[PDB]
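*Asks:* partial complex here, more coming in a sec:
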Amino acid sequence: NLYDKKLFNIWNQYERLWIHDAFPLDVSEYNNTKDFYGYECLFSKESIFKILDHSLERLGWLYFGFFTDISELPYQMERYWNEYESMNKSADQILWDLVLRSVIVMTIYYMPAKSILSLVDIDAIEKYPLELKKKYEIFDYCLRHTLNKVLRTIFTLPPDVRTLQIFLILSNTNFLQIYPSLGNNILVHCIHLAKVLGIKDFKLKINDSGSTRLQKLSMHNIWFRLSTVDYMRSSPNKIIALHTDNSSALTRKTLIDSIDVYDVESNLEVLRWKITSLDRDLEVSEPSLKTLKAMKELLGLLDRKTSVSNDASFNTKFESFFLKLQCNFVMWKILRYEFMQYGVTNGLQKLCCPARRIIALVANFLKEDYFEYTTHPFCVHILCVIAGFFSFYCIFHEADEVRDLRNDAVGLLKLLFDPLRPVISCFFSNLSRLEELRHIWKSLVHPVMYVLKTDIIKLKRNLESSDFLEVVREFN
C-alpha cells in the first residue's frame, strides 16, 4: 500500500523518462536538391489542387482555426503558379509559398496511400530516392526539403505572423517526435515572435470591425494552440515556456500579463487548453482531493458539452473524437492518481472503463476506413502511457481484465504502425524487457524495484540471488 504508493511515484518518473526519448547537421547537403513541386518535377499542379480540395474537405479544422479567409489560398496558389510560369524576391510571396508547402505536407500525412500513389508522376521516381513505406519515405524527402527552405528564410527575415502558422501547421505530424531538438529551438523562436506581436491582445474591444474581430479570433486560436504544444513538448531539454502566461481554470482557493480564462470566448481551442491545464495542475502543482472532485465534475460537464456537438462531416467527427479522447485520457490520469496515492474504492474498474471507451473509439475510426485520422501523435502518446501503466500493474498485480486490455492495445499498436518506427521500436523492446521482468518477479524492498531504481538513475545520469539479478540486468 505504502510500498505501492512509492513504486507508483517511481512509475511517474519512469514514464517521464520513457517519454523524453537521419538529419545531416549541415544544410548544404540539400543545396542542390531538385524539388517535389515543379511542373515537370513530381506532383503536377492539377493534382495539387485536388490535394488542397481533399484538405478543405477533411481537415479544415487546423487552418480554418488560424487564418481569416481561405479562398485566399487557391487565389494565392494560382497567383504563385502564374508568376512561376512567367519566371519559367520579397517577403509575402516566399511566406505564402512556404505556407502552401506546409499545408500540402500536412495533407500528405493525412492522406491514404493509394490515392497519392495514383496521383504522383513516374519518371522522377527514377530521378529521386525512393504499401505505406513509399508514402512515408516520399513524405520525409518532402519534409527535409521544406525544412531546408524554411530554416534559411526563418532567420533571414522580418517578424510576420505567418511563420507561426507554418510551425503550427507542421506540429500535428511526426515532426516534433522525429526532429525534437530542432522543434524545441524553432518553438523558442516562435514564442519570441508571439510575445513580439502582442497576440495576447485578442482582448476584444468595443465597436471594432468584423475583420478586426476575425483578426483577434485568429490570434486567440493561435495563442491557445501554442500554449497547448508548449505544455505538451516541455521536456527538460527546454526550460523556456509560455503556458504559465495563461491561468488554470480550476478556481482554486489557495493562491496582469497573466491571462485569466472565462472572460473571452468559447471556441473549442479554449476547451483544449482548459483540459491541458487540468493535466498541468495534476502533474506539476499541488495534488489535493477536493481539487480532483471539482476537476472531475467540471470535466464530466465538458464531455457533455462536447457530445452536444453532432455528426455532419469528417472534420466534425475528427474534432469531437479528439476532444473526447482527451477527456477520457485526463479522467484516467486523475483516477490513476486517486487509486495510487489514496486508493479509494472501485477506482481500478472505474478507471478501466474509459480505457475500453478509448479503444472502442479508435476501433470505430478504423472500421470506417479512417485509419489515417488515427495517426495524430497525441493518440500515440496516449496509447504509450496506457500500455506502460497496464504492463506495470499487470506484472505486479493480477487481472485478466488488465491483461486483455493491454493485449488489445499492444497488438493494435504493433500490427499497424510503420511511421513512428524509432519511438515504437524503443518502446516495444523495453516493454519486452519488462515482460522478462514479469517472468522474474513471478519466479518488501524488492530487487525488481531496486532494478527500476537503477534504471531511473541510469536515465537521470543519461540526461547530461543478486548476482543473477545483475545478470538479467545485463541481459536486458
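*Replies:* Received the coordinates, thanks. Numbering: from 1, shown residues only, chains lettered A, B, ... in the order given.
*Asks:* what about residue A:262, which SS state?
*Replies:* The three-state label given to residue A:262 by DSSP: H, G, I helix; E, B strand; the rest coil is coil.
*Asks:* look up how far residue A:294 lies from the spatially closest residue to it that is not a sequence neighbour.
*Replies:* Excluding the flanking residues, the one nearest residue A:262 by C-beta to C-beta, 6 or more residues apart in numbering is residue A:249, at 7.1 Å. All C-beta spots, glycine's among them, are computed from the backbone N, C-alpha and C. Counting by C-beta to C-beta, to the nearest Å, the gap from residue A:249 to residue A:294 is 10 Å.
*Asks:* show me the domain layout of chain A.
*Replies:* Chain A breaks down by CATH domains of a matching chain into domains covering A:1-21+A:267-464, A:22-247.
*Asks:* residue A:90: how many residues sit nearby?
*Replies:* Neighbour count of residue A:90, defined by other C-beta atoms under 10 Å: 7.
*Asks:* for it, grab phi and psi.
*Replies:* Backbone torsions of residue A:90, given as degrees, to the nearest 10, read phi -170, psi -170.
*Asks:* what about it, distance to residue A:67?
*Replies:* Separation of residue A:90 from residue A:67 (C-beta to C-beta): 20 Å.
*Asks:* now residue A:93
*Replies:* 17 Å.
*Asks:* ok, residue A:249 and residue A:294, which is more surrounded?
*Replies:* Remark: of residue A:249 and residue A:294, residue A:249 carries more neighbours, 20 against 15, as counted by other C-beta under 10 Å.
*Asks:* throw chain B on there as well:
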Amino acid sequence: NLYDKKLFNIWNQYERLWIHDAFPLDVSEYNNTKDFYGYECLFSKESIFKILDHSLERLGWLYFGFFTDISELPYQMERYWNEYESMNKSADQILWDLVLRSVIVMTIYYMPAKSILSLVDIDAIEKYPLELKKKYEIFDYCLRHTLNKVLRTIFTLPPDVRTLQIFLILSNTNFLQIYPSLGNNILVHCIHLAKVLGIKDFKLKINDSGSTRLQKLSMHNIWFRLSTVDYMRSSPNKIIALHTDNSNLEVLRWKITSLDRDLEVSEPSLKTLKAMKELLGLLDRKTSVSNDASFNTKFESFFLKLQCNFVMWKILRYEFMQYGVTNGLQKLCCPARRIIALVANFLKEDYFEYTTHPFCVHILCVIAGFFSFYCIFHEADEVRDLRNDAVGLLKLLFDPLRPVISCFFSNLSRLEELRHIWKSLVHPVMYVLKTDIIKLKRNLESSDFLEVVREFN
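*Replies:* To build on what is shown above, here is chain B added in:
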C-alpha cells in the same frame, strides 16, 4: 524648473526611442560565394597566425575571459589546417572552425588598415568584389560569409557552449547595431541554450578540481556577459530576457548595468541614489587598483572607467532632472570631460582601433543628445563646447557605423534648426516634441507656421 523636469522626462522617452532605432531573404544568393581562408584563396595561413598573434597580444580580454585554455586555439587551428591539407563530418570540428573564423573577424575589426591590406592576396582581390572603405568592405564580406555558415549550422546541432562563445565573440562589433533583429533572434536562441545548460550554477562548490573551477569561471563570465548584452540590447523587438534573475570584474560590469537598470526602469529615490553612488565610488577604488602593464589591461580599465563615469553621469543627471540640486550642471560636465580625456589618451597613443567599440559610440550619442537638448533650452558655453567636440570628433572618426550616426547626425542638424526656432508656458517647442514622440510611437507598430517649418523638415 518644474517645466524643465517634465521636459527631462519627455527627453527620457525621446532618447529611449532614439536608441530603439543588403542582407538577403533566402540564404541562397550566398550558396556558392567564395571563401576568405583557404590556402590559395585569400589569406595565406602564415599571415593568419600573425593575425592571431596580434589578437592574443592586444585583445586577450574577451576570450581569455571565456574559455578554459587558449593554447587550444592555435592547437585546434593547426589541427584543422593539417586536416584541411589532408582533405585538400562532426560537430566539434565545425564549431572549432567557426570559432577561429569569428575570432579572426573580431581581429579584423580591431586591426589597422595598412597591415591587413599588405596581408591580403592580390589576384584574389581581382577575383572578388572590392583607405578604411576597402577595410570595412572586406570585413563585411567576411562577416556575411561567416553568418551564412553559422545560420544553417545553428539549428541542426545539439546545445553546446561554444555557440555562446561565437555570439559573444561577435557581439563586440558593428554586427548587433546593423543587423539588429537577426541579432535578437540568435540571442534568444543563445538564451535558450543558457537556461538549458544550467550555467547559473557557477556557484563554486567545495572540493571542485581546477578544471571544474575553470569550467565554472568560464560559465560565470559567460552568463554575466550574456546578461550584460541582454540588458543593453533590449529594445521592444525583443521581450524575452535574462536581466531579471539577478537583483571577478565581469560581476562588477553586471553590477554597474544593474544600477543602470534600476535607474531606468524603477523607483526614483535619493537615499538609494546616494548609496548607489557611494557603492560606485567604492568600485572606482577597486577599479583604479588595476595597475597598467599591457594593452588589454589599458583597454579593460578604459572601458571600466568609461562605464563607471557614464553611469555616474546618468545617476547624477537623474538626480538633477528629478530633484534639481544646484551646481549639478558643472558636476555633470566634469565626468564627460573625464570620458573625453580617456578617449583622448587612446587616440594620442595610436589605439584608435580600440575606440571603435560600439558601446562608446552609443555613449557619445546619448551624451551629445542631452547636451544638445540642454544647450537649446539653456545657455552654457561649456556644454556647447563639449557637444561641439563630441560631434566634430564623431563625424571625423566614424565610418563603419555610417547609417545610424548619419541618421542621427541629420536629425541632429534638424535639432540645431530647432534651436533657431526656440531662439526665434506649454511652449510650441515642447508641443513639437510631443508631436515628434507621437510620430515615433505611431511608427513603432502661430502654430500654422510652426507646422509649416515642420513640413519643411
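*Asks:* please re-evaluate the neighbour count of residue A:90 in the presence of chain B.
*Replies:* Each residue near residue A:90 was counted by other C-beta atoms under 10 Å in any protein chain shown, and the total is 8.
*Asks:* what is the burial count for residue A:338?
*Replies:* The burial count assigned to residue A:338 is 19, neighbours taken as other C-beta under 10 Å.
*Asks:* SS state for it?
*Replies:* Applying three-state DSSP: residue A:338 is helix.
*Asks:* which parts of stretch A:167-178 are buried?
*Replies:* With burial defined by 16 or more other C-beta atoms under 10 Å in any protein chain shown, the residues of stretch A:167-178 counted as buried are A:167, A:168, A:169, A:170, A:171, A:172, A:173, A:174, A:175, A:176, A:177, A:178.
*Asks:* what do you get for stretch A:302-314?
*Replies:* Across stretch A:302-314, burial judged by 16+ other C-beta under 10 Å covers A:302, A:303, A:306, A:314.
*Asks:* turn the buried residues of stretch A:167-178 into a markdown table, including distance to chain B and secondary structure.
*Replies:* A markdown table is the format used below for the buried residues of stretch A:167-178 (distance: C-beta to the nearest C-beta, whole Å; DSSP: H, G, I helix; E, B strand; the rest coil):
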| residue | distance to chain B | secondary structure |
| --- | --- | --- |
| A:167 | 13 | helix |
| A:168 | 18 | helix |
| A:169 | 18 | helix |
| A:170 | 14 | helix |
| A:171 | 16 | coil |
| A:172 | 21 | coil |
| A:173 | 18 | coil |
| A:174 | 18 | coil |
| A:175 | 13 | helix |
| A:176 | 14 | helix |
| A:177 | 17 | helix |
| A:178 | 13 | coil |
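*Asks:* drop chain C onto that structure:
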Amino acid sequence: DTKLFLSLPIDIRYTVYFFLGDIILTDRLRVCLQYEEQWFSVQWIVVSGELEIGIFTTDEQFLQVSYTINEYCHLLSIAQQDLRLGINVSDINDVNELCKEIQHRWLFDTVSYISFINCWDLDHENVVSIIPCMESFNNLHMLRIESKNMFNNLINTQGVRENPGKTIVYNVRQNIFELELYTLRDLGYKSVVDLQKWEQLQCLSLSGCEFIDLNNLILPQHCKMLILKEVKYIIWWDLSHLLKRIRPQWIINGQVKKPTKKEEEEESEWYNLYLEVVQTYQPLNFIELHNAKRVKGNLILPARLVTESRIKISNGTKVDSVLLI
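*Replies:* Just below you will find chain C, in place on the chains above:
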C-alpha cells in the same frame, strides 16, 4: 463500531462526517483537514500562560476542546502546519503579545488566518496590540471582519485618516489575497464602497446581511472569485439602458445571437452589447449564492459562464427578468 468504521475509505467517512457537521475525532480531523476545514475553525490559544490549540465553531467560535502541540504533532506529522487566529474579548493584547513573543522565541510564527469576531470598537488594546505585530506573521492571505462600523472606520478607504498605528501597514494589504466578512444590515444603501487600495486580492467572502446594492461597489483588478451567502433582497446592476438596446429580432429561449455576417449593423450591435455586458461585470468571473431570496435588477447575462458553473445560484428564485447572451 470503531475499527469497522475505520477499515473504510475516505469518501464514505467524509460524507458521514459532513452529516455530522476520540479516534472518531482524529480520523474526523484527518479527513476534514484532508479535504477542507470549512467545518471546524482551529487556532491558537493560551490558558494559565500555557499554550494550546483550540477547535471551535465557525459562526461565533464557541469552543469544543483544545489539545497540545506535541500531542497533535505526534497524532500527525509535525511541520509548519499553517493555521489560524482570532481575537476576542478572550484574546486581546497581552495574550496576543505573549503568543507573539513566544512564537518568536520558543517557536516560529506559523499561522495565516486572522479573525475579528469581537472588538467592534477598534479599541480596547486588540487593534493596538496587533497592528504593530503583523510583520513576523507572514504566511497569511486571509482575514475576517464583522461590523459595518469597523468596515467603515477601517476598510472603506473614503474615510482616509492619519492614524498610523490604528490602521494597517499596506505591505500587509498587498499580502491578503483572500477576505471574509459578515454581520451587518445595509452595506450598499447610499454607501461609499470602494476598495482600490485593497490590491492583490483574489477572493471575497460575504455572509449574513439584510441588504445590498452592487452599483455602489467598486473594486480592484485581480479579484474575481465572489462568495456570497444567505441575505435579503439584492439590487443587481440596473442595465436598463442596455435593456432598451434590445430588439426581438433574435430572441429565443432566453438567448440571442446574430448568425448573419452580412448584418454588420446588428452584428456589431450584438458585440457592442455583449462587451458592455461584461464591462458591467468586468473584474468578475465567479459568483456563489446560498438562498438570498430576491434579486431586483433585470438580469441579463453571458451564456459562456452559465453554461459552466460560474454563476452558481441556489434557489433564491423570486425573480423573472432573466436572460442570456
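*Asks:* the nearest residue to residue A:262 again please, chain C included this time.
*Replies:* residue C:285 (4.8 Å; C-beta to C-beta, 6 or more residues apart in numbering or on different chains).
*Asks:* equivalent analysis for residue A:182, please.
*Replies:* Leaving aside its sequence neighbours, residue A:182 sits nearest to residue B:155 (C-beta to C-beta, 6+ apart; 5.8 Å).
*Asks:* tell me how far the one you found lies from residue A:185.
*Replies:* 5 Å.
*Asks:* which residues are common contacts for those two?
*Replies:* By C-beta atoms under 8 Å, 6 or more residues apart in numbering or on different chains, residue B:155 and residue A:185 have no common neighbours.
*Asks:* mind listing the strands for the stretch 101-250 of chain C?
*Replies:* Under the criterion DSSP state E, counting those that start in this stretch, the stretch 101-250 of chain C contains strands at C:114-115, C:143-145, C:180-181, C:203-206, C:212-213, C:225-228, C:234-235.
*Asks:* can you tell me which residues contact residue 292?
*Replies:* I'll assume chain A. Neighbour list for residue A:292: A:334, A:337, A:338 [criterion: C-beta under 8 Å, 6+ apart].
*Asks:* my bad, the chain I had in mind was chain C
*Replies:* Contact analysis of residue C:292 by C-beta under 8 Å, 6+ apart lists C:228, C:229, C:230, C:231, C:232, C:233, C:234, C:314, C:316.
*Asks:* I'd like to know how many residues surround the first one.
*Replies:* By the measure other C-beta under 10 Å, the count of residues near residue C:228 is 19.
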